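K.L.:
Take this sequence and fold it.
(8 chains)
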Amino acid sequence: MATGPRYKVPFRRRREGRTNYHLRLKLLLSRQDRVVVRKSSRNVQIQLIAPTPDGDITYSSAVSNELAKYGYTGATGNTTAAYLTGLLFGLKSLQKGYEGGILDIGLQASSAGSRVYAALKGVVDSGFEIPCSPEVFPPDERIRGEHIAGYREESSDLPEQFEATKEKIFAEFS
Amino acid sequence: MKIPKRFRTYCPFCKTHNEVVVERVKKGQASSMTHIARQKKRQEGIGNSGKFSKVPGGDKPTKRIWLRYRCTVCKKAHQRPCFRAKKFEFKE
Amino acid sequence: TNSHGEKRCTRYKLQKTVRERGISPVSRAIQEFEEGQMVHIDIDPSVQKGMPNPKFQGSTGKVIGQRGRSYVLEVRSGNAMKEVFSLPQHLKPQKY
Amino acid sequence: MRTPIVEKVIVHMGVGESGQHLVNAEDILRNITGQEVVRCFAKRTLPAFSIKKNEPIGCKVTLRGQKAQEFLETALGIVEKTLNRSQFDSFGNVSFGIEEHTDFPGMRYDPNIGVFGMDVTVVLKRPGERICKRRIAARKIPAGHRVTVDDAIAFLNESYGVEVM
Amino acid sequence: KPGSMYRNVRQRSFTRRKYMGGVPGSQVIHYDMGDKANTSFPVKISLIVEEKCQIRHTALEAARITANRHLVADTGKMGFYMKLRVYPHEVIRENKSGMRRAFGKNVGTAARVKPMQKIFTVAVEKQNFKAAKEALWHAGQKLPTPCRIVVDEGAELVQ
RNA sequence: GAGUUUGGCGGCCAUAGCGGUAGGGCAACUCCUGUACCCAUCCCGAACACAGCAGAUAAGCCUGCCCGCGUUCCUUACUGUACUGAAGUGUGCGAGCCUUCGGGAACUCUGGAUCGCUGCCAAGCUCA
RNA sequence: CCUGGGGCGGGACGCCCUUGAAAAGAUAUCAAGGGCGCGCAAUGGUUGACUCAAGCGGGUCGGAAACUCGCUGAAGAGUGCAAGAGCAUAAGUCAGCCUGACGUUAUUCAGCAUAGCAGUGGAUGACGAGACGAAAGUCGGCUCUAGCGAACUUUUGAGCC
RNA sequence: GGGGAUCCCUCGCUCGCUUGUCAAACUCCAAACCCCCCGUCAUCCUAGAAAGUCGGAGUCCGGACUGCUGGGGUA
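P.N.:
Numbering: from 1, shown residues only, chains lettered A, B, ... in the order given. Provided below are the atomic coordinates:
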């Protein structure tokens, strides 16, 4: 709302409402790579990001769309998909060489049992070292996809296909 | 101002955070067997007594609140640099 | 009468321009400097910590070490060499 | 997708003085709304009401969904489905006041309680006002996606048949 | 109290009235004279000072009174427009013991004007140019600076 | 392998803002549908969260355009003006001001542009 | 003691901010504006969630004096108290849990432009213990700069000589 | 909100678009000097740079000219 020369406009990313710069400063003071976890309504996405004076640089990137090749047919935007994406991202970064980072959720609310924390647990179980406390993890039943007991009998195959995709991804990255 | 009677803080002796009770420190009576008392009694005679005929000075507008923190576990007390307040109370 | 505080005569020394007030760009806080590198001291008023004396604002110091987050700088002040401690938020590399 | 749906309906009782009258007002409002009400707090002490800073003064409740729809139908019944133009805000919102909580079935007049009035306001938004309410990527809606007074009145006519005089 | 006291400019400005106390109000009442609404006066002369000086509000009021009287007498009550451009912004103070704590008390207000700065502007028709010029010369006689009249508009209308 | 679309993280932090106009979504995003659940409301699944079959580009987002306010840059006039570094047996009754050499505005005006540029990665694609 | 002689008046006699001060630093006067000799277990730390002042429109003797809804609103509020500076997904408001308003210790500032007191800033140091938080971090009080005192003496704390 | 039962009508401030003026303690702008650092030339420097240590002091009544419209002051 530039009223005149005295008006102050925020940064572009803050104007777009995509970043908290106070959190960004606190995370950059780590001097560690950021495991940036962002979730949309239909899938989840994880990146490994390092700062540069010219911008951010990404070392590794796993999305939910990669699970279909490993044999996942469930919704990419739920807990099982988030956990699988986290495991895939962690294993891929371990393959590439990077093995450490700090969790970056941005503006996402910190709620126990969220898809963000399912992806975090997947990254942890992939061997990718990252500080955390287990109390924010989702229950193992709903990481396997016990929410399929609610309304969908079609989704009753989520635990078995969960295990199958997990074993296939472990075979691919081990 | 009010400070709580009991709160959890660091004990320098047991080297942990324990509960400690705060106690106001009362100034004690000066011993009559101290070296300064003996020197005063020795320099008392006829005439001016020097520094022993000095009248005590004035007072600052506010005095510090002399507090002492006793660990509830080892029962040892330590005293820290203290604030300066007109009115002091313990929260209970 | 006139005081002798650290913030003496800092009204414009510790001002921000109109369109840079607020949170500063965070990139300036995670920049690393090498031993012997020359860096300017341009104090950021919004970063109320790690700030050297405003007397050294506008001076070029030489990085001689690091004390955690902050950098130690050798800075000329008249004819003396001072060791100035500064977070990188107030620092800036010299360009050749 | 430009139907001016009902974002929310708010019922507010400005008693003006806390205590047993406030408790009775909040209980009757909870009965008439089917949802917990919240106590409004004064922000400036004033000897006229003799209230102080941050003292409970009134109550208000927000209703969303079929509960809001049914209560709005009821209140439009008490107003006989009537609502004139001047009630409407400049941006599609309306509010009107009533006096007799006894007009809502399921609650009885009490000589101790008296009769407390209240104002009900429904806010008319469009399907997609989440853009300004969500946390991430929260942009203000453009002026071309808001709701006009005639749009709101047409919606009211075609939804509840509330003629505007 | 002669105007030669607070005449030379030797000092910084003194105008921030929130950091001083008790400034006497200015004697000058109006700043626009004659016919204020009309703007279609063809001839438009002005009085410019040729030295950097401080003009007290009483001197401004005296010059305004004399110019306004002359213009009203010659051109009529609405035959002219007169604008006093400068406001007394500087605060004149006086040291009222001797020289200990000599920072003065506020005694008046003055306008700090620069060389070639317009003080008064008079707009009139073609036939009233000499009357306006004579009145503005009379006004300049009351000011603490040498002055000159310049024609701003209507030079070809006069000659 | 080059380029485009979209998404994520960013840099400079209005040249990017505020405002107006016309088009798009196959994928992606989004709006959007619910509240078994993890999580939540000083009340409200509004939000957050979870689980998501439709509809929709009307919004967010993207592309094109508009000089309208704001900003930034250029151009002409003001103008080498204001101011100023050095020096001066130049000058004023005085407050001061002048000459030379060297630097050099701001505002306004004439006429223009500016309705962001840009780094890394990923995924869909468009290849010889 | 200072002091446009001294005296009377006053304290420019200790500390902090703006101007004076001439765009690095320094810079005097009984120079101008002034303030401080405190308050606060919350008016403090951390986390979460929110956004303020003031206008415009809607809502009942709830009056243009309340409360509530919608729009505008980079801050025109608040942040304990002078002045200046800082701060908007906050350094503000509310709520959850807390006491880092922690013991010891090293440097350098700029701590007082200082050769030079007490003492302060650090805050990025270190050791040892913690609060909050997924973590990153933040916390050595209150957003930064005032709120204070040598030697000797006594009293108090822990263990020693 | 100032003036002489339908507040029957007169209207100063307040808020904007234009005129006219301002500021030590205002700044959307913004020099010339000046300051730190880098390179360069220039000068000094092994007939000893910068730095360090030690011996001996004097000095803390100053004044003037040219600028800073320096501050204060009628001067």
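K.L.:
what about dumping the CA coordinates of the helix or strand in which residue D:76 is found to PDB?
P.N.:
Using DSSP states H and E, residue D:76 sits in helix D:66-78. The C-alpha coordinates for helix D:66-78 follow below in PDB (Å, rounded to 0.1, in the frame of the first residue of the first chain):
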ATOM      1  CA  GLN D  66     -26.400 -25.700   8.900                       C
ATOM      2  CA  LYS D  67     -26.600 -24.500  12.500                       C
ATOM      3  CA  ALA D  68     -26.000 -20.900  11.200                       C
ATOM      4  CA  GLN D  69     -28.500 -21.600   8.400                       C
ATOM      5  CA  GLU D  70     -31.200 -22.800  10.800                       C
ATOM      6  CA  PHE D  71     -30.700 -19.900  13.300                       C
ATOM      7  CA  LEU D  72     -30.700 -17.400  10.400                       C
ATOM      8  CA  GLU D  73     -34.000 -18.900   9.200                       C
ATOM      9  CA  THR D  74     -35.400 -18.500  12.700                       C
ATOM     10  CA  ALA D  75     -34.200 -14.900  13.100                       C
ATOM     11  CA  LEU D  76     -35.600 -14.100   9.700                       C
ATOM     12  CA  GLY D  77     -38.900 -15.600  11.000                       C
ATOM     13  CA  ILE D  78     -38.800 -13.300  14.000                       C
END
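K.L.:
does it come close to RNA strand G?
P.N.:
No: Helix D:66-78 is not in contact with RNA strand G by CB under 7 Å from any atom of the strand; minimum separation 11.0 Å. (Each C-beta comes from the backbone N, C-alpha and C, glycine too.)
K.L.:
and that helix, which residues are buried?
P.N.:
If you call a residue buried by 16 or more other CB atoms under 10 Å in any protein chain shown, then helix D:66-78 has these buried ones: D:68-69, D:71-72, D:74-76, D:78.
K.L.:
Touching that helix from outside, list them.
P.N.:
D:6, D:8-9, D:11, D:32-35, D:63, D:82-83, D:96, D:98, D:100, D:103-104, D:120, D:122, D:160, D:162 (CB atoms under 8 Å, 6 or more residues apart in numbering or on different chains).
K.L.:
still on that earlier bit, looking at the buried residues of helix D:66-78, spot the one nearest chain C.
P.N.:
Chain C lies nearest to residue D:68 out of the buried residues of helix D:66-78, by CB to the nearest CB, at 39.7 Å.
K.L.:
any idea whether the residue of chain B found nearest chain A is helix, strand or coil?
P.N.:
Closest residue of chain B to chain A, CB to the nearest CB: residue B:17 (21.0 Å). For residue B:17, the assignment made with DSSP: H, G, I helix; E, B strand; the rest coil gives strand.
K.L.:
who does it bridge with?
P.N.:
residue B:10 (DSSP bridges).
K.L.:
Would you confirm that it contacts residue B:71?
P.N.:
No: assessed by CB atoms under 8 Å, residue B:17 is found out of contact with residue B:71, at 9.9 Å.
K.L.:
Name the residues of stretch D:25-36 that come out as buried.
P.N.:
For stretch D:25-36, by 16+ other CB under 10 Å, it's D:25-26, D:28-29, D:32-33.
K.L.:
same check, this time on stretch B:72-88
P.N.:
Buried residues in stretch B:72-88, counting neighbours by 16+ other CB under 10 Å, are found at B:77, B:88.
K.L.:
related to what we said a few turns ago, list just the nearest of the buried residues of stretch D:25-36 to RNA strand H.
P.N.:
For the buried residues of stretch D:25-36, the minimum distance to RNA strand H (CB to the nearest atom of the strand) is 32.6 Å, reached by residue D:25.
K.L.:
secondary structure element for that closest one?
P.N.:
With DSSP H and E as criterion, residue D:25 is part of helix D:20-33.
K.L.:
got the buried residues for the next helix or strand after that helix?
P.N.:
Next along the chain after helix D:20-33, taking DSSP H and E as the criterion, comes strand D:38-41. Buried residues in strand D:38-41, counting neighbours by 16+ other CB under 10 Å, are found at D:39-40.
K.L.:
contacting residues around strand D:38-41?
P.N.:
Counting by CB under 8 Å, 6+ apart, D:12, D:14, D:18, D:22, D:26, D:54-61 sit against strand D:38-41.
K.L.:
Need the residues you listed in TSV (columns: distance to RNA strand H and secondary structure).
P.N.:
Formatted as TSV, those follow (distance: CB to the nearest atom of the strand, whole Å; DSSP: H, G, I helix; E, B strand; the rest coil):
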residue	distance to RNA strand H	secondary structure
D:12	29	strand
D:14	24	coil
D:18	30	coil
D:22	32	helix
D:26	36	helix
D:54	29	coil
D:55	28	coil
D:56	31	strand
D:57	26	strand
D:58	27	strand
D:59	32	strand
D:60	31	strand
D:61	36	strand
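K.L.:
Of those residues, which fall within the contact range of chain A?
P.N.:
The subset of the contacts of strand D:38-41 within reach of chain A, by CB under 8 Å from any CB of the partner chain, is empty.
K.L.:
between those residues, which is nearest residue B:39?
P.N.:
residue D:54 (64.0 Å; CB to CB).
K.L.:
Contact partners for that closest one?
P.N.:
D:41-43.
K.L.:
So it versus RNA strand F, what's the distance?
P.N.:
10 Å (CB to the nearest atom of the strand, to the nearest Å).
K.L.:
what do you get for residue E:61?
P.N.:
22 Å.
K.L.:
and that residue, how far is that from residue E:141?
P.N.:
Residue E:61 sits 14 Å away from residue E:141, going by CB to CB, to the nearest Å.
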